[PDB]
Amino acid sequence: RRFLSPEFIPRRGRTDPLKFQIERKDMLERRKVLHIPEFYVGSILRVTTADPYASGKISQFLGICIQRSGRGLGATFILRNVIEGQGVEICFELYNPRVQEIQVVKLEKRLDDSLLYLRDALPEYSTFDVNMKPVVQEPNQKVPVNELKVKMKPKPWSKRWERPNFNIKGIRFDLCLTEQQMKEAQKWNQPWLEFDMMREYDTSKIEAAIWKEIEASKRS
Amino acid sequence: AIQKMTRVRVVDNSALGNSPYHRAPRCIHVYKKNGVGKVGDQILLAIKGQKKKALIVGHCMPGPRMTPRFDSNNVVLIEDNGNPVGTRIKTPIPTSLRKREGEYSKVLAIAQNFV
Amino acid sequence: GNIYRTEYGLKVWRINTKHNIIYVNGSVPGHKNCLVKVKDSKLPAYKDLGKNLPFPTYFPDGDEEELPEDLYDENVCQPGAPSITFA
Amino acid sequence: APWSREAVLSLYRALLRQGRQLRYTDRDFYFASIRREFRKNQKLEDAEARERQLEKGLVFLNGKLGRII
Amino acid sequence: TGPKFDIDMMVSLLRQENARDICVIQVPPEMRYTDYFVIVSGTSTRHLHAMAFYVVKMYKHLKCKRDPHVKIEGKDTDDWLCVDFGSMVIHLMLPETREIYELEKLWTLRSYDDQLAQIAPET
Amino acid sequence: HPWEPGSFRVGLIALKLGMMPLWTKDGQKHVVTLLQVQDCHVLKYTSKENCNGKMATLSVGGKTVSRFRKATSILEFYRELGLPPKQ
RNA sequence: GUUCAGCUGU
RNA sequence: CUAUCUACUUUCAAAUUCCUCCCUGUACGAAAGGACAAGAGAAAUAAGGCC
Ligand SMILES: *P(=O)(O)OCC(C)(C)[C@@H](O)C(=O)NCCC(=O)NCCSC(=O)CCCCCCCCCCC
Ligand SMILES: [Mg+2]
Ligand SMILES: [Mg+2]
Ligand SMILES: [Mg+2]
């Protein structure tokens with residue numbers, strides 16, 4: 001089981017393949033200087049950056065990863081934490097040269113690929129100790145999947161998390177939504193969407209070619 | 001981020017900010033030509049039946065990369081001469097204020113946490 | 001749309017000699033994979049800075065040390081450079 | 001007596017010792033300012049509160065959060 | 001001809017200008033603000049403006065071109081002036097204003113400060 | 001010839017590959033556009049008198065394209081030059 | 001009944 | 001306006017503005033007072049584009 005960082009896989013489009021090869025070369029060179037670890041949405045990270053506004057003094061922000069988005073050199077991830085009761089989010093750029101270190105304090109996967117609903121969840125689910133110690137990751141073991149289901153705050157939420165389009169599975173809807181509210185959400189359900197074969201984007205061949213480039217760079 | 005009528009949270013320890021009032025503090029004027037307030041922008045507030053200048057230290061709207069985004073729209077009260085009404089700030093404030101154009105050393109001096 | 005437009009004064013951050021790629025600041029008109037006309041900036045501030053540029057053009061056949069794969073601007077952070085600090 | 005009356009007195013002597021090795025800070029200002037905190041603000045307190053003040057003084061003595069030159 | 005503008009130089013200038021209660025705090029690198037925090041008392045508003053310009057006048061002299069320029073803040077106020085050089089932040093405050101804010105405690109007791117213990121200025 | 005003040009050298013035709021983030025040592029981000037030069041050649045030279053302009057003109061060609069979709073007259077021009085047709 | 005609080009592409 | 005007629009549907013791209021710093025405590029200024037451009041940064045608007 002080998003993990004390919006999501007930003008390496010390009011999105012569908014008409015971009016010339018050479019553009020991705022050139023960008024992947026720059027990405028691999030930056031990875032030699034800075035070790036970018038494997039992490040997922042739901043993992044706890046501590047990111048160290050040099051502060052331009054504080055004369056380059058290093059800054060550390062610890063938070064749970066709630067989103068990984070972007071492709072290529074610009075790919076980003078958002079870390080969320082509650083500091084002094086204030087919810088804070090920072091969108092970090094993986095390949096920004098300011099980043100000194102990216103440490104995975106805890107490596108795990110949550111039920112959802114996005115945790116933006118944590119903004120609407122109880123503050124405890126977004127509160128992580130800034131001085132917590134890294135838990136060891138056993139060699140050659142599957143990434144643990146955290147099955148926690150969060151309890152939400154009273155509506156209205158930032159987004160209608162119950163609607164099928166989000167496909168959220170990490171919220172205790174039964175505690176916060178009545179049966180009628182749940183059924184009303186199903187109106188927007190699109191059963192045909194999952195069976196639209198032409199919408200499928202198969203990256204198996206693309207990922208295989210990328211791995212050859214990744215291996216070539218490591219050898220040289 | 002902050003516009004006229006935007007409700008704001010006072011994050012200093014000033015009596016005016018922390019005093020209980022039925023009406024939440026609301027922005028009534030933004031001191032920018034476009035009327036859109038960002039971090040490090042002064043505004044006028046309607047707080048406890050008074051008009052007090054405030055400085056935006058945090059807002060919900062997403063900013064540039066590597067910058068903190070806050071759950072609430074945070075402001076600190078300042079006098080007309082620029083002195084802060086409160087003596088302490090406990091809510092984390094961004095460090096980008098230091099190099100933003102304008103006077104922010106007074107606010108940074110009373111800030112306990114930086115993010 | 002679908003008309004000719006010019007973006008003036010875009011600096012060349014980096015040059016890739018192997019793939020013949022010019023890294024130019026900001027954005028240029030047109031869709032990706034379109035053909036664009038690139039020319040020395042006509043803006044008055046950038047006048048007479050061609051003293052140090054290949055004239056009439058760059059001949060790689062000519063007798064000179066082969067250029068490195070990438071040419072960078074003094075301020076560009078190169079991919080393999082160490083993580084920057086502002087001290 | 002947060003933990004002991006010797007601890008508070010020991011802290012007071014310790015801080016005064018630091019005040020005599022101040023390269024830049026006005027030693028007169030440092031001593032008077034230290035006096036005000038111990039003499040007035042915290043001299044009369046209760047059992048529970050006393051502990052917080054002693055921990056505050058120890059944090060000041062260590063100087064890990066901030067040091068007075 | 002190499003006298004750099006450092007903390008030792010600034011305290012010399014401040015003492016030369018009759019600074020009443022110089023307090024230099026060494027701010028640790030973890031606190032991402034400045035290397036040194038300086039709080040000076042002044043006899044009057046006229047005194048604060050004079051010593052504020054003198055330190056900035058000497059700084060402009062003893063600085064490199066690459067070093068950024070500095071701005072005196074709080075000129076609108078009469079009690080409190082501050083100058084953020086970059087590695088040193090000097091706050092020039094009147095005696096009464098200095099007591100109200102207790103900046104010495106805040107920067108020496110970041111999270112243990114009394115006022116930050118919910119002792120808010122309700123006065 | 002050597003470069004002289006007031007000289008105007010030729011430019012080139014490039015293809016727009018896309019955009020990338022670029023960072024500078026001062027910690028600023030810059031988005032750049034990648035322009036790739038594909039089969040760019042000089043095609044024609046016209047002197048000042050014949051060009052009906054103050055300055056002489058250099059015609060430059062861009063991406064190589066199929067000869068099967070070009071006009072006969074254009075196909076004859078490239079045949080003399082000895083280069084595949086341009087887009 | 002307002003004010004207030006709350007929600008909304010007004 | 002279910003728009004018959006007239007007119008019109010790319011004058012293609014020279015840009016304005018406010019603030020801070022700087023010049024400068026310089027020129028002037030009995031003196032106080034205090035430049036102007038030259039620049040630097042930061043904003044906003046407008047125009048043109050872009051992901
Ligand atoms: P005595 O009768 O033998 O003893 C008197 C006692 C100790 C019994 C009496 O004072 C008492 O009951 N005290 C209660 C507890 C106490 O005193 N705690 C100690 C307080 S520690 C303190 O105040 C530390 C202050 C830290 C901030 C200092 C700021 C200095 C700024 C300098 C700027 C240059
Ligand atoms: Mg919303
Ligand atoms: Mg209302
Ligand atoms: Mg537009």
Side-chain angles (χ1 to χ4, degrees), chain A residues 10-11 13-15 19 23 52-53 69-76 153-160, chain B residues 5 7 20-26 30-42 46-49 56 64-65 82 96-105, chain C residues 1-10 24-34 36-37 39 41-47, chain E residues 49-50 52-54 56-61 63 65-76 83-86, chain F residues 16-22 26 28-35:
Chain A
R11 287 186 164 269
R14 307 169 75 172
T15 299
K19 191 269 191 172
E23 187 164 32
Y53 314 115
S69 67
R71 297 299 188 276
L73 258 189
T76 59
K153 305 189 289 182
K155 305 195 68 146
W157 299 329
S158 298
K159 296 174 189 150
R160 308 187 168 100
Chain B
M5 301 289 98
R7 299 159 281 171
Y21 201 67
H22 61 287
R23 280 173 53 101
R26 258 179 202 262
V30 169
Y31 290 101
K32 270 179 59 179
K33 195 79 181 305
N34 66 351
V36 184
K38 300 292 189 198
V39 164
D41 286 337
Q42 302 189 345
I47 178 163
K48 277 196 53 179
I56 297 163
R65 302 315 86 69
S96 78
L97 276 171
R98 194 191 190 183
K99 297 200 164 184
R100 168 137 192 168
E101 208 84 3
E103 306 193 350
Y104 307 110
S105 281
Chain C
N2 192 31
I3 53 158
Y4 286 104
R5 284 299 195 236
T6 300
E7 285 297 312
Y8 298 85
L10 305 178
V24 153
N25 189 68
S27 46
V28 313
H31 62 82
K32 76 197 74 205
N33 310 308
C34 77
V36 307
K37 166 156 147 174
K39 185 174 133 289
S41 182
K42 58 77 77 77
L43 297 173
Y46 309 139
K47 182 182 82 165
Chain E
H49 282 91
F53 274 109
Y54 182 45
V56 176
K57 153 93 162 61
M58 279 294 300
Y59 164 72
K60 222 179 304 182
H61 180 314
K63 82 169 188 68
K65 250 300 186 58
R66 193 195 60 181
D67 265 1
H69 277 100
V70 177
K71 167 186 52 193
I72 304 173
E73 294 166 54
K75 286 158 159 180
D76 298 355
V83 180
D84 177 21
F85 295 101
Chain F
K16 179 184 178 169
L17 288 177
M19 302 182 77
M20 264 180 21
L22 166 145
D26 67 334
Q28 299 273 261
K29 197 203 89 176
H30 299 273
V31 75
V32 299
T33 302
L34 282 66
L35 300 179

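The sequence lines fix the lettering, A, B, ..., with proteins before strands; numbering per chain opens at 1.
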Round to a whole Å and report the spacing from CG of C/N2 to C1' of H/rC12. 13 Å
P-based separation of H/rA35 from H/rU26 [nearest Å]: 12 Å
Check whether more than 12 heavy atoms from other residues, nucleotides or ligands sit under 6.0 Å from atom NZ of C/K47, and answer yes or no. no
Please check if atom OH in B/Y21 has more than 12 non-hydrogen atoms from other residues, nucleotides or ligands closer than 6.0 Å. yes
According to a strict under-4.0 Å criterion, is C/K42 in side-chain N/O contact with OP1 or OP2 of H/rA13? no
Pairwise side-chain contact, E/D67 with E/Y59, heavy-atom cut-off 4.5 Å (strictly under): yes
Between H/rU20, H/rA13, H/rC23, which nucleotide has the shortest distance from any of its atoms to the side chain of E/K60? H/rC23
Distance check, rounded to the nearest 0.5 Å: A/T15 atom OG1 versus F/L17 atom CG? 9.0 Å
Which nucleotide, H/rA13, H/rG49, G/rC4, lies nearest any side-chain atom of B/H22? G/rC4
North or south for the sugar of H/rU10? Use the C1'-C2'-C3'-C4' sign convention, positive meaning north. south
N or O in side chain of C/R5 less than 4.0 angstrom from H/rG49 OP1/OP2: yes
Taking the P atom in each of H/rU11 and H/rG39, what is the distance between them to the nearest angstrom? 33 Å
Which value, in whole Å, describes the distance between the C1' atoms of nucleotides H/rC36 and H/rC28? 11 Å
May I have the distance from B/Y104 (atom OH) to H/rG41 (atom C1'), rounded to whole angstrom? 14 Å
Is the base of H/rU11 stacked on the base of H/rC12, judged by six-membered ring centres under 5.5 Å apart and planes under 30° apart? no
F/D26 CG to H/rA40 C1', straight-line distance once rounded to whole Å: 15 Å
Using the P atoms only, state how far H/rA46 lies from H/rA14, rounded to an integer number of Å. 16 Å
Would you kindly give the OH-to-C1' distance between B/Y21 and G/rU3, to the nearest whole Å? 10 Å
Wobble or Watson-Crick pair present, H/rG33 with H/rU10, both under 3.5 Å: no
If the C1' atom of H/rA40 is compared with that of H/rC8, how far apart are they to the nearest Å? 47 Å
Compare all side-chain heavy atoms of F/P21 with those of A/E23 and state whether any distance is below 4.5 angstrom. yes
The sugar of H/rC12: north or south, by the sign of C1'-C2'-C3'-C4'? south
Looking at every strand, decide which applies to F/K16 at a 4.0 Å heavy-atom threshold: base, sugar-phosphate, or nothing. sugar-phosphate
Do the side-chain N or O atoms of B/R100 get closer than 4.0 angstrom to the phosphate oxygens (OP1, OP2) of H/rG41? no
Considering just the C1'-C2'-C3'-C4' torsion, please state whether H/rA13 has a north or south sugar. north
Where the sugar of H/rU45 falls when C1'-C2'-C3'-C4' decides north versus south: north
Starting at CD of B/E101 and ending at P of H/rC19, how long is that distance when rounded to a whole Å? 13 Å
Using atom P in both nucleotides, what's the gap between H/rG25 and H/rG33 to the nearest angstrom? 14 Å
Going by the sign of the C1'-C2'-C3'-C4' torsion, is the sugar of H/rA27 north or south? north
Per B/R7 side chain, nearest of listed nucleotides H/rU45, G/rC7, H/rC21: G/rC7
Earlier contact from the 5' end, RNA chain H, for E/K75 and C/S27: E/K75
Could you identify the nucleotide paired to H/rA15, looking across every strand shown and requiring Watson-Crick or G-U wobble geometry with both distances under 3.5 Å? H/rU45
May I have the distance from B/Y31 (atom OH) to H/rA44 (atom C1'), rounded to whole angstrom? 18 Å
Step by step, would you call B/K38 with B/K32 a side chain to side chain contact (heavy atoms under 4.5 Å, CB included)? CA-CA 10 Å; B/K38 300 292 189 198; B/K32 270 179 59 179; 4.3 Å; yes
Which one is paired to G/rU8, where only Watson-Crick or G-U wobble pairs with both distances under 3.5 angstrom count? none
Can you tell me, in whole Å, how much space there is between the P of H/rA43 and that of H/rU10? 37 Å
By nearest heavy atom, map B/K32 and C/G30 onto RNA chain H; which one lands nearer the 5' end? B/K32
Rounded off to whole Å, could you give me the CD-to-P distance for the E/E73 and H/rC21 pair? 10 Å
When rounded to whole Å, the NE2 to P distance for the pair E/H69 and H/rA40 reads 14 Å
CD1 on B/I47 to CZ on B/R23, rounded to 0.5 Å: 11.5 Å
At under 4.0 Å between heavy atoms, what does F/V31 touch on the DNA or RNA strands: base, sugar-phosphate, or nothing? nothing
Side chains of F/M19 and C/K32 in contact at under 4.5 Å (non-hydrogen atoms): no
With a 3.5 Å cut-off and just heavy-atom distances, do the side chain of C/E7 and the base of H/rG49 make a donor-acceptor pair? no
In Watson-Crick or G-U wobble terms, with both distances under 3.5 Å, the base opposite H/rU24 is none
In whole Å, measure the gap between the P atoms of H/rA44 and H/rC23 for me. 27 Å
Should H/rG41 and H/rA42 be reported as a stacked step, that is, with six-membered ring centres less than 5.5 angstrom apart and planes less than 30° apart? yes
